[PDB]
Amino acid sequence: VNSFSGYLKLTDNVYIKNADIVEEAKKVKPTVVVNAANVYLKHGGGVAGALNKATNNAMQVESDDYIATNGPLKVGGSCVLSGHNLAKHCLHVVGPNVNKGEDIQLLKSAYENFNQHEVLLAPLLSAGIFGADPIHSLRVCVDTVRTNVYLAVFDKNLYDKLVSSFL
Ligand SMILES: CC1(NS(=O)(=O)c2cnc3[nH]c(=O)[nH]c(=O)c3c2)CC1
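Structure determination for this entry is recorded as X-ray crystallography, at 1.0000 Å resolution.

Right under this line is the structure:
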């Protein structure tokens, strides 16, 4: 038993809710919250900008030190940093950005990072401003992640379409 509430159960291991990931994180304080990161960990907008704003920019300060030491992530890659006031840890995962021409096949590699963590609160990778079809992203998630994932979907309209079209 864990503290996630109100989720619809899609599969053995995937759950979905219409929620603001920032507010969900604030209340659950999960072990891991996933950020929809870019390779530079520049958290300017989308999920990343919202998470970072909720940390009062501490996420960005930590991220800038990480990049200065290690250089950029790979598309499809990830790193574990602090969860600040939102979670114990933040798993920064880089899904492909269709609006930059990145290969959508890398979405599966991005979701594979989730398998290193037993339980996660996460957004749909490559959705929103990253330009992928969220229905495709949900399918890849279900077919790739084997650990327990609680998906927060900000847009209520989108949430209903994802549920109603789920096979
Ligand atoms: C498919 C969807 N877009 S998104 O990329 O996942 C996203 C973008 N910005 C967000 N800002 C925020 O404050 N809370 C969020 O949950 C959030 C989620 C509708 C979820």
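A. Looking closely at the pairing of strand β3 (residues 32-36). Burial analysis of β3 places five of its five residues in the buried class, the great majority of the element. For β3 and strand β5 (residues 89-93), the ladder comprises five bridges, and the chain directions are parallel. Bridge pairing in β5 places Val33 opposite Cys90.

B. Quick look at helix α5 (residues 134-144). What α5 keeps buried is the set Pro134, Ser137, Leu138, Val140, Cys141, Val142 and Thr144. In the core, the buried residues of α5 are packed alongside β2 (14-18), α4 (106-112), β7 (148-153) and α6 (156-164). Measuring from the backbone nitrogen of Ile135 back to the side-chain oxygen at the start of α5 gives 3.0 Å, which picks out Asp133 as the cap.

C. Up close: the pattern of salt bridges. Going through the model one piece at a time under the given rule, you end up with four salt bridges. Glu24 is the partner of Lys17 in a salt bridge, and the nearest nitrogen-oxygen pair spans 3.0 Å. Grouping residues by exposure puts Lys17 and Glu24 together as buried. We note a salt bridge from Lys156 to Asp160, for which the minimum N-O separation is 3.1 Å. In this pair, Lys156 and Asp160 are both assigned in helix α6, four residues apart and thus about one turn of the helix distant. Of the residues examined, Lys156 reaches a relative accessible area of 44% and is grouped as partly exposed.

D. Representation of the environment of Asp155 within the structure. With respect to the helices, strands and loops of the structure, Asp155 is situated in the loop between β7 and α6. Taking the relative accessible area as the measure of exposure, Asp155 reaches 41% and is therefore partly exposed. In sequence terms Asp155 and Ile16 are 139 residues apart; their C-alpha atoms lie 12 Å from each other.

E. Molecular detail of the layout of surface pockets. Looking at the largest pocket, its volume works out to about 490 Å³. Lining the largest pocket we find 26 residues, and of these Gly46, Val47, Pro123, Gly128 and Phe154 sit closest to its centre. Those elements that provide at least two residues to the lining of the largest pocket are α1 (21-28), α2 (46-54) and β7. Counting residues per element, the lining of the largest pocket draws most heavily on α2, which supplies six residues.

F. Expanded view of the site of the ligand. All residues in the neighbourhood of the ligand are listed as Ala19, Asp20, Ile21, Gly46, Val47, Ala50, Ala127, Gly128, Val153, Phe154, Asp155 and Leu158. Between the ligand and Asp20 there is a distance of 2.7 Å, counted from a nitrogen atom to a side-chain nitrogen or oxygen. Here the ligand loses 82% of its free accessible area of 450 Å² to cover by the protein chains. Element by element, the count of residues in the shell around the ligand is highest for α2, at three residues. Residues that form the shell around the ligand fall into these classes: eight nonpolar, two polar and two charged.

G. Expanded view of the side chain of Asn35. Along the polypeptide, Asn35 turns up in strand β3. Since its relative accessible area comes to 0%, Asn35 is described here as buried. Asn35 has contacts with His43, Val47, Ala48, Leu51, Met59, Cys90, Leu91, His92 and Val93, leaving out every residue within four places of it along the chain.

Parameters at a glance
The residue numbering used throughout counts from 1 along each chain in the order its sequence is written. It may not match the entry numbering, and residues with no coordinates are not shown. As a convention, hydrogens and water are excluded, and side-chain values are obtained from all of the structure's heavy atoms. With a 1.4 Å probe rolled over the protein chains alone, any residue whose accessible area is under 20% of its type maximum counts as buried; one over 50% counts as exposed, and the rest are partly exposed. Each helix is a run of H or I in the DSSP string that is no shorter than four residues. Each strand is a run of E no shorter than two, and both are numbered from the N terminus. A pair of strands is treated as paired once DSSP finds two or more bridges between them. Contacts are assigned to residue pairs with any non-hydrogen atoms lying within 4.5 Å of each other. Here a polar contact means two N or O atoms within 3.5 Å. Within protein one must be a hydrogen donor candidate and the other an acceptor candidate, and residues neighboring in sequence count only if both atoms are side-chain atoms. We count a salt bridge whenever a side-chain nitrogen from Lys or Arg sits within 4 Å of a carboxyl oxygen from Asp or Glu. Put simply, the grid is 1 Å and covers the protein atoms alone, a cavity is a trapped set of points that fit a 1.4 Å probe, a pocket is an open set with protein on both sides within 12 Å along at least five of seven lines, and lining residues have an atom within 4 Å of a point. Grid points are joined across faces, edges and corners, and a volume is the space filled by probe spheres set on the points. We call a residue near a molecule or strand whenever a single non-hydrogen atom of that residue lies within 4 Å of it. Computed with a 1.4 Å probe, the accessible areas rest on the Shrake-Rupley method; for each residue, only the protein chains presented here act as cover. Each residue receives one of three labels: charged for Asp, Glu, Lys and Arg, nonpolar for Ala, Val, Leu, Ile, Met, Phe, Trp, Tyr, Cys and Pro, and polar for the others, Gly being one of them.

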